[PDB]
2 protein chains.
Amino acid sequence: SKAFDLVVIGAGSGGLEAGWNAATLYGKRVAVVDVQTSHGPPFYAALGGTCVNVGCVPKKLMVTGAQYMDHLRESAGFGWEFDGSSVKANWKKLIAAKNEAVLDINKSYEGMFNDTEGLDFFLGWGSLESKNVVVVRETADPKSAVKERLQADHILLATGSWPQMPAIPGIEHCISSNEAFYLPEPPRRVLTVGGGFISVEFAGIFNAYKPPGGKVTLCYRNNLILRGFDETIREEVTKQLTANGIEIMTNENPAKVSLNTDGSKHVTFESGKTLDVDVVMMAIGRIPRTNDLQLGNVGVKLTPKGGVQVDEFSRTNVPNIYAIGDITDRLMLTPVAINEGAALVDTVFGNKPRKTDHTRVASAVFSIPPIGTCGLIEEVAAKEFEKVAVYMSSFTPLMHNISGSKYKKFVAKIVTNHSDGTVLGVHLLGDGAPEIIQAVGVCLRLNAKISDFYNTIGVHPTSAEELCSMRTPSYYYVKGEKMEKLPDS
Amino acid sequence: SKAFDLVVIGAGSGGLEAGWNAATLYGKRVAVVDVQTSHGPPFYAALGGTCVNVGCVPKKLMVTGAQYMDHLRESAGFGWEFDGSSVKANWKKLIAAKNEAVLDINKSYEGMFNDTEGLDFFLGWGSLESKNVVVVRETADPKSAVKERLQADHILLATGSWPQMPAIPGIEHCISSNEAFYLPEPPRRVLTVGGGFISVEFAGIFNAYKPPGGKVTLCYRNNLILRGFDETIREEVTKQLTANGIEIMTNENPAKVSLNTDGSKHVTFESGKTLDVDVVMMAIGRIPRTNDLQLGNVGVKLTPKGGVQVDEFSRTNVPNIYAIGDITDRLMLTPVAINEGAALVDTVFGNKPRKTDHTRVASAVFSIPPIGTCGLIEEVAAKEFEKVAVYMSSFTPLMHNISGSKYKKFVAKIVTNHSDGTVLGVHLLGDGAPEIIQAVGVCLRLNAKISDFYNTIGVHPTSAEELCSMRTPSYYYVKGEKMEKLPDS
Ligand SMILES: Cc1cc2nc3c(=O)[nH]c(=O)nc-3n(C[C@H](O)[C@H](O)[C@H](O)COP(=O)(O)OP(=O)(O)OC[C@H]3O[C@@H](n4cnc5c(N)ncnc54)[C@H](O)[C@@H]3O)c2cc1C
Ligand SMILES: Cc1cc2nc3c(=O)[nH]c(=O)nc-3n(C[C@H](O)[C@H](O)[C@H](O)COP(=O)(O)OP(=O)(O)OC[C@H]3O[C@@H](n4cnc5c(N)ncnc54)[C@H](O)[C@@H]3O)c2cc1C
């Protein structure tokens with residue numbers, strides 16, 4: 001067995017940050033375990049994590065590809081002429097370019113390990129033998145051959161999450177986001193199941209790359225997609241996906257899937273409705289990846305919903321064992337996992353406690369058009385504060401009247417504590433929204449007030465200047481009650 | 001003769017804000033004077049101002065159209081196929097769409113005047129008869145017939161600026177940005193004269209719409225374009241314009257222009273080099289429009305360079321006469337002019353003095369790719385502060401390695417006071433830059449430190465998140481001198 005200050009199980013976003021920082025900033029001896037060195041089947045995730053291999057990085061490339069469908073059409077309003085009937089979207093090329101880009105990242109990460117002293121990679125499946133020993137095996141099977149036994153002063157659990165699949169008849173005919181990344185050809189008809197960001201993101205990707213006579217359908221078991229997001233924006237994204245040819249089935253959920261004779265899938269819904277598609281993609285949730293770690297050997301406690309139970313400092317109930325990222329089933333974001341890994345390492349090896357702030361985190365949805373958001377939505381804020389103000393701007397930007405995409409209304413909302421003007425949340429929908437919101441996150445850290453926004457001089461002409469052009473609330477909540485104007489008193 | 005609380009000469013960015021505020025917020029009687037009711041020849045600007053008619057608004061629509069040249073090309077990396085030889089950029093269509101959009105704004109300003117009590121528009125040329133009378137005439141000639149005599153308690157000068165044309169033989173064969181907006185056809189060969197934002201922005205526009213066998217040349221009298229901007233950005237923009245097929249002639253300046261027998265232009269540079277082009281667009285500066293105001297009648301004082309001299313509250317040497325916007329030859333931006341207009345009105349009619357902060361104003365250049373900037377460049381900071389740190393990131397984002405535009409390095413630079421970490425300037429080059437910098441403007445009003453950026457959680461994947469990923473200075477200025485590391489002293 002080999003001895004290490006820190007052993008990390010999972011070479012993903014959080015795991016690599018922790019490992020890199022411990023080794024290069026604190027001079028510790030670090031071991032990092034992952035199940036394969038490059039993306040794709042059989043394990044999908046790999047060295048670099050979910051985000052690099054089957055997540056943020058590849059899907060952003062694919063969304064960027066999808067945006068060209070809109071660009072090509074929209075150029076005509078600006079005088080661009082070309083043979084429309086010659087236009088074809090080559091999925092095979094997209095996927096091949098994506099694969100090369102992901103592989104290049106895989107390769108650079110193994111170059112990092114090769115070049116970095118005291119930071120070593122171990123290929124295999126990690127699990128807990130005792131509270132000081134990580135065993136590395138050939139496969140996920142607990143009975144597979146032992147490759148390595150790693151003695152660890154500290155153990156970090158960073159194995160992320162995995163797609164949830166519903167227990168319905170014909171689930172074997174369905175796929176998840178994992179497989180979506182490797183489809184040999186683009187589906188003519190596809191059902192995306194779920195109303196969260198993965199389902200909305202992929203619907204837009206499939207919508208652009210669909211062969212002729214194609215149809216993308218997204219279904220969601222409740223009334224309105226994208227729960228947790230601003231309600232205006234939820235309603236507007238629904239309208240804007242619809243206007244780009246995507247069918248949105250709300251209050252619907254698959255009961256059953258079967259094969260048609262030609263090989264296509266026949267979906268039956270709980271309500272009795274039916275749909276024939278070429279691909280059914282489940283995006284109904286991601287669950288912490290705890291099953292292979294043999295946590296019962298050491299008694300690391302889990303949450304009711306299956307995450308590793310931690311405190312604010314990422315500590316489990318076992319003293320030298322920690323958990324960060326998706327395995328904790330909190331905020332499933334890459335930069336949050338990274339921030340968590342860095343704080344952990346500062347605490348443990350730097351001996352100066354640091355915890356990640358999980359509030360006021362800026363995030364994005366790469367829908368078409370995209371969402372950018374930071375902080376509280378108005379419903380949540382109205383429950384915590386007696387007086388809240390909402391500043392709303394919503395209209396089609398000029399260039400989209402010219403482009404023909406008149407449906408692309410840009411939404412900008414600011415939610416404040418109206419007692420002192422403190423900005424509680426900012427919510428954006430439209431082109432550039434993810435890029436705009438980043439520095440907004442810095443503003444909220446500094447406890448910006450609405451006056452800090454409107455007293456800042458705009459950049460003209462942009463969409464972002466709308467954030468600096470709102471002085472009078474559109475409406476209020478007074479102890480939970482929505483109203484246009486404050487009572488005369 | 002008509003009596004008014006406020007008479008505004010010039011119905012542009014600053015004038016309209018001031019007029020609207022005085023009428024609607026303070027209930028004053030206001031007159032606003034402009035020379036045209038809609039955009040275009042002979043006087044180009046009109047109701048709405050330079051920005052609405054021959055500036056920011058149409059310019060941005062035209063750059064947006066220009067971006068499609070890149071989009072169509074870059075789509076191929078993501079699998080998009082089409083008949084490339086069928087591609088045509090219809091300049092006439094762009095201009096027609098631009099015109100309708102501008103005209104729509106012209107028309108809406110007329111409804112504003114009609115619906116608003118005590119806010120009236122007068123068509124004609126405004127000038128000062130005396131301290132308390134603005135005279136409106138048919139033309140700029142002070143001998144032309146009087147249309148109106150407006151008795152004014154207060155007078156606001158807001159006539160903006162006008163293109164500078166060098167005194168060279170054959171200047172009559174050259175145009176400015178004004179005429180560029182109305183060219184009947186797109187020029188095959190064009191020379192844009194100047195290294196500032198207008199010359200660069202139009203170079204990009206003409207480059208996208210040029211007919212077959214076209215060439216855009218930009219010339220600049222000194223060594224490196226875009227003086228006043230970040231040095232890394234100046235160098236990068238030069239590289240990236242060149243890579244998109246624009247010729248940049250540095251250390252060259254037109255000495256004369258003559259008309260060829262085919263109507264094209266023969267340019268001779270001070271060096272003796274020559275170049276044949278179809279259009280010569282002068283973009284060597286903009287100078288305050290003071291001549292037609294007959295300021296000598298009242299003795300309003302001008303600065304050495306020709307602007308109306310004002311204090312920080314926009315007051316002239318004459319108590320009831322004020323000046324804002326480009327006529328003051330300070331910061332020539334629409335939102336600054338607007339902010340000055342609002343502050344002046346609060347001061348004069350609210351009797352609570354307010355002034356515009358001309359520091360840390362965010363701004364953009366809509367080059368391809370675009371620049372976004374706020375605050376000080378490092379050479380300027382190194383003079384005001386004893387120790388400054390520069391945080392720098394410059395690389396081609398993944399998508400542009402796939403797109404084929406490998407020359408598109410995104411540049412992010414933060415300049416700080418290294419004594420306390422206070423952010424002094426932020427400078428960006430690349431897609432989204434103008435949108436990213438807006439909320440950065442808010443951050444600098446809040447006196448953000450570098451640590452406020454790097455302790456903010458990133459939105460991934462974005463270009464903007466680079467701003468939150470820089471912890472270690474790339475280099476420093478100590479007592480005005482550049483060095484990679486701080487001295488041990
Ligand atoms: C389709 C999709 C799109 C997404 N888009 C975004 C986005 O746009 N922005 C964003 O911020 N986030 C996005 N995410 C979420 C983001 O990918 C995760 O939040 C982040 O990757 C979690 O990081 P982590 O360190 O917790 O784990 P991961 O990055 O998932 O890394 C866990 C690693 O552990 C390995 N592993 C698992 N079991 C073992 C074992 N027992 N032994 C050894 N190794 C093991 C896995 O192979 C994996 O590489 C997306 C996710 C998906 C699925
Ligand atoms: C090509 C170009 C691109 C630009 N791009 C941007 C940009 O992207 N972002 C930005 O912030 N700024 C931009 N600007 C600058 C911006 O347009 C100006 O800073 C702004 O319009 C100035 O506002 P103003 O109120 O001072 O004057 P203006 O908006 O120019 O208004 C002055 C008005 O007064 C009228 N007038 C003149 N003389 C008389 C007279 N004697 N009697 C009656 N009326 C008169 C004129 O017709 C004009 O309408 C651009 C300018 C140009 C030329």
# chains A, B, ... in the order shown; residues from 1 in each chain; ligands from 1
>>> residues_around(residues="residue 452 in chain A", least_positions_apart="2", cutoff="12 Å", atoms="only C-alpha atoms", output="JSON, numbers by chain")
{"A": [421, 422, 423, 440, 443, 444, 446, 447, 448, 449, 450, 454, 455, 456, 457, 458, 467, 468, 469, 470, 471], "B": [439, 440, 441, 442, 443, 444, 445, 446, 447]}
>>> write_last_selection(atoms="C-alpha atoms", output="compact mmCIF listing (two decimals), in the first residue's frame")
# COMPACT_ATOMS: atom_id res chain seq x y z
CA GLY A 421 -33.03 48.97 -1.49
CA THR A 422 -30.76 45.93 -1.15
CA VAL A 423 -30.81 43.85 -4.34
CA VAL A 440 -23.97 40.88 -11.22
CA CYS A 443 -22.48 43.19 -7.18
CA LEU A 444 -24.60 41.04 -4.86
CA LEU A 446 -20.97 43.73 -2.25
CA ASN A 447 -24.60 44.06 -1.10
CA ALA A 448 -25.47 46.37 -3.99
CA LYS A 449 -28.62 48.47 -3.76
CA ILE A 450 -30.97 49.32 -6.63
CA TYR A 454 -29.57 53.11 -11.69
CA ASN A 455 -26.85 55.57 -10.67
CA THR A 456 -24.40 53.61 -12.81
CA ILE A 457 -24.11 55.00 -16.33
CA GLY A 458 -25.29 52.62 -19.06
CA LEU A 467 -30.38 46.87 -15.50
CA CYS A 468 -29.29 50.49 -15.00
CA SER A 469 -32.45 52.08 -16.40
CA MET A 470 -35.01 51.03 -13.80
CA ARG A 471 -35.74 53.50 -11.00
CA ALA B 439 -22.35 45.34 -14.33
CA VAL B 440 -18.57 45.78 -13.94
CA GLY B 441 -19.43 49.49 -14.05
CA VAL B 442 -21.63 48.88 -11.00
CA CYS B 443 -18.77 47.02 -9.27
CA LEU B 444 -16.41 49.98 -9.60
CA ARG B 445 -19.02 52.36 -8.17
CA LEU B 446 -19.03 50.01 -5.19
CA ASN B 447 -15.22 50.20 -4.95
>>> select_by_dssp(residues="range 93-317 of chain A", states="alpha helix (DSSP H)", output="MDAnalysis selection string")
chainID A and resid 93:115 177:180 197:209 231:242
>>> residues_around(residues="residue 15 in chain A", least_positions_apart="6", cutoff="9 Å", atoms="only C-alpha atoms", output="PDB file with N, CA, C and O atoms, in the first residue's frame")
ATOM      1  N   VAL A   8      -8.357  11.441  -3.137  1.00  0.00           N
ATOM      2  CA  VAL A   8      -9.597  11.951  -3.702  1.00  0.00           C
ATOM      3  C   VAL A   8     -10.229  10.876  -4.577  1.00  0.00           C
ATOM      4  O   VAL A   8      -9.587  10.351  -5.486  1.00  0.00           O
ATOM      5  N   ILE A   9     -11.483  10.542  -4.299  1.00  0.00           N
ATOM      6  CA  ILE A   9     -12.214   9.622  -5.162  1.00  0.00           C
ATOM      7  C   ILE A   9     -13.111  10.429  -6.099  1.00  0.00           C
ATOM      8  O   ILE A   9     -14.096  11.037  -5.672  1.00  0.00           O
ATOM      9  N   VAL A  32      -5.444  10.795  -6.671  1.00  0.00           N
ATOM     10  CA  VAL A  32      -6.750  11.051  -7.261  1.00  0.00           C
ATOM     11  C   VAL A  32      -7.150   9.828  -8.084  1.00  0.00           C
ATOM     12  O   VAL A  32      -6.366   9.332  -8.895  1.00  0.00           O
ATOM     13  N   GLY A  48     -11.445  14.454 -15.449  1.00  0.00           N
ATOM     14  CA  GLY A  48     -11.959  15.776 -15.788  1.00  0.00           C
ATOM     15  C   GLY A  48     -13.372  15.987 -15.274  1.00  0.00           C
ATOM     16  O   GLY A  48     -13.807  17.124 -15.072  1.00  0.00           O
ATOM     17  N   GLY A  49     -14.097  14.891 -15.075  1.00  0.00           N
ATOM     18  CA  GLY A  49     -15.414  14.958 -14.455  1.00  0.00           C
ATOM     19  C   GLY A  49     -16.576  14.979 -15.426  1.00  0.00           C
ATOM     20  O   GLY A  49     -16.394  14.872 -16.640  1.00  0.00           O
ATOM     21  N   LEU A 156     -11.270  12.368   0.438  1.00  0.00           N
ATOM     22  CA  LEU A 156     -12.325  13.188  -0.147  1.00  0.00           C
ATOM     23  C   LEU A 156     -13.222  12.395  -1.094  1.00  0.00           C
ATOM     24  O   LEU A 156     -12.752  11.771  -2.049  1.00  0.00           O
ATOM     25  N   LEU A 157     -14.520  12.414  -0.804  1.00  0.00           N
ATOM     26  CA  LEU A 157     -15.526  11.798  -1.665  1.00  0.00           C
ATOM     27  C   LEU A 157     -16.035  12.826  -2.677  1.00  0.00           C
ATOM     28  O   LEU A 157     -16.670  13.809  -2.298  1.00  0.00           O
ATOM     29  N   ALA A 158     -15.732  12.613  -3.954  1.00  0.00           N
ATOM     30  CA  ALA A 158     -16.094  13.573  -4.998  1.00  0.00           C
ATOM     31  C   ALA A 158     -16.543  12.876  -6.289  1.00  0.00           C
ATOM     32  O   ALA A 158     -16.076  13.188  -7.386  1.00  0.00           O
ATOM     33  N   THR A 159     -17.471  11.937  -6.142  1.00  0.00           N
ATOM     34  CA  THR A 159     -17.876  11.057  -7.233  1.00  0.00           C
ATOM     35  C   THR A 159     -19.082  11.571  -8.013  1.00  0.00           C
ATOM     36  O   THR A 159     -19.545  10.921  -8.952  1.00  0.00           O
ATOM     37  N   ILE A 324     -17.707  16.688  -1.249  1.00  0.00           N
ATOM     38  CA  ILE A 324     -18.003  17.928  -1.970  1.00  0.00           C
ATOM     39  C   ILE A 324     -18.688  17.646  -3.310  1.00  0.00           C
ATOM     40  O   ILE A 324     -18.712  16.506  -3.781  1.00  0.00           O
ATOM     41  N   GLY A 325     -19.220  18.698  -3.926  1.00  0.00           N
ATOM     42  CA  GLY A 325     -19.846  18.596  -5.238  1.00  0.00           C
ATOM     43  C   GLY A 325     -21.196  17.907  -5.212  1.00  0.00           C
ATOM     44  O   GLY A 325     -21.873  17.883  -4.180  1.00  0.00           O
ATOM     45  N   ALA A 337     -18.794  23.220  -6.927  1.00  0.00           N
ATOM     46  CA  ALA A 337     -17.953  22.087  -6.538  1.00  0.00           C
ATOM     47  C   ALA A 337     -16.493  22.522  -6.399  1.00  0.00           C
ATOM     48  O   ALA A 337     -15.810  22.125  -5.455  1.00  0.00           O
ATOM     49  N   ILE A 338     -16.039  23.355  -7.335  1.00  0.00           N
ATOM     50  CA  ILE A 338     -14.684  23.899  -7.332  1.00  0.00           C
ATOM     51  C   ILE A 338     -14.432  24.762  -6.092  1.00  0.00           C
ATOM     52  O   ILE A 338     -13.431  24.580  -5.392  1.00  0.00           O
ATOM     53  N   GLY A 341     -14.187  22.482  -3.032  1.00  0.00           N
ATOM     54  CA  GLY A 341     -12.901  21.802  -2.962  1.00  0.00           C
ATOM     55  C   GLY A 341     -11.781  22.693  -2.458  1.00  0.00           C
ATOM     56  O   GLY A 341     -10.925  22.248  -1.698  1.00  0.00           O
TER      57      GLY A 341
END
>>> residues_near_ligand(ligand="ligand 2", cutoff="7 Å", atoms="only C-alpha atoms and all ligand atoms", output="ChimeraX atom specification")
/A:459-461 /B:9-15,33-36,43,45-51,54-56,59-60,124-127,140,158-161,177,198,289,292-293,324-327,332-335,337-338,363-366
>>> residues_around(residues="residue 313 in chain A", least_positions_apart="5", cutoff="8 Å", atoms="only C-alpha atoms", output="list in words")
residues 343, 344, 353, 354, 355 and 356 of chain A
>>> write_last_selection(atoms="C-alpha atoms", output="tab-separated table (two decimals), in the first residue's frame")
chain	number	residue	atom	x	y	z
A	343	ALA	CA	-12.44	25.85	0.82
A	344	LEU	CA	-12.02	22.27	2.06
A	353	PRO	CA	-11.55	27.39	8.15
A	354	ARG	CA	-13.41	28.50	5.01
A	355	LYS	CA	-16.94	27.57	3.94
A	356	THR	CA	-18.60	28.00	0.55
>>> select_by_dssp(residues="range 205-304 of chain B", states="strand (DSSP E or B)", output="VMD selection string")
chain B and resid 215 to 220 247 to 250 254 to 259 265 to 269 274 to 277 279 to 282 286 to 288 302
>>> residues_around(residues="residue 227 in chain B", least_positions_apart="6", cutoff="9 Å", atoms="only C-alpha atoms", output="list in words")
residues 195, 196 and 234 of chain B
>>> residues_around(residues="residue 31 in chain B", least_positions_apart="2", cutoff="6 Å", atoms="only C-alpha atoms", output="VMD selection string")
chain B and resid 7 120 to 121
>>> write_last_selection(atoms="N, CA and C atoms", output="PDB file, in the first residue's frame")
ATOM      1  N   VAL B   7     -35.651  76.532 -22.547  1.00  0.00           N
ATOM      2  CA  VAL B   7     -35.500  76.329 -23.979  1.00  0.00           C
ATOM      3  C   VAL B   7     -34.229  75.526 -24.242  1.00  0.00           C
ATOM      4  N   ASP B 120     -42.942  71.177 -25.886  1.00  0.00           N
ATOM      5  CA  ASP B 120     -43.194  71.562 -27.270  1.00  0.00           C
ATOM      6  C   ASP B 120     -41.940  71.534 -28.141  1.00  0.00           C
ATOM      7  N   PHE B 121     -42.108  71.111 -29.391  1.00  0.00           N
ATOM      8  CA  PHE B 121     -41.007  71.019 -30.343  1.00  0.00           C
ATOM      9  C   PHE B 121     -41.085  72.137 -31.375  1.00  0.00           C
TER      10      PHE B 121
END
>>> closest_residue(among="B:465, B:303, B:419, B:228", to="ligand 1", atoms="only C-alpha atoms and all ligand atoms")
B:465
>>> closest_residue(among="A:197, A:4, A:182, A:385", to="ligand 1", atoms="only C-alpha atoms and all ligand atoms")
A:197
>>> residues_around(residues="residue 166 in chain A", least_positions_apart="3", cutoff="9 Å", atoms="only C-alpha atoms", output="number ranges by chain")
A: 171, 282, 284
>>> atom_distance(atom1="CA of residue 99 in chain B", atom2="CA of residue 410 in chain A")
23.0 Å
